[PDB]
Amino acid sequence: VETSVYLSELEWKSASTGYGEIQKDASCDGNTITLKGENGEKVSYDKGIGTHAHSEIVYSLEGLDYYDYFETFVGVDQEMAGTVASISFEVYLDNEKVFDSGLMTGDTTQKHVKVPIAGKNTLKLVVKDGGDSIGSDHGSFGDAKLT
């Protein structure tokens, strides 16, 4: 088995997005995924999932009970720096929310997610539209993986 498994290596049970394709290892516009770093500069990610509010992406963890955590960084993909981008990220394990970023705009520093998955069957990623419109709502999951 792999020591970690990127979500981009897995097939989802279902996936919706507000634009285009859910992109494997790229932003929803097909660029290298970038998030806002603590120093104000971009942080680039080789692996991850790029999507667009409103998005719900559901993965089965059947045959993946090997792993302790789901880990990822989340934020507005910095291809939309300077825009009206406004989103939130939620992560569910089975039927409960385990992570909620609250509102993130283009300048909001990326957030790290590390949630335990032991004993759970289903991982669901949600990108919501910040309560305005989906305009510029490009949300990326940097380094998203089971580990």
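For every residue, the number given is its place in the sequence shown, counted from 1.
As listed in the deposited structure, the average C-alpha B-factor of 136-144 and of 1-9 is greater for 1-9. Just going by the entry, 103-111 versus 62-70 on mean CA temperature factor gives the higher value to 62-70. Per the PDB entry, 121 shows the highest C-alpha temperature factor of the residues 55, 86, 78, 121.
Residue set 117, 49, 98, 35: peak C-alpha B-factor at 117 (per PDB entry).
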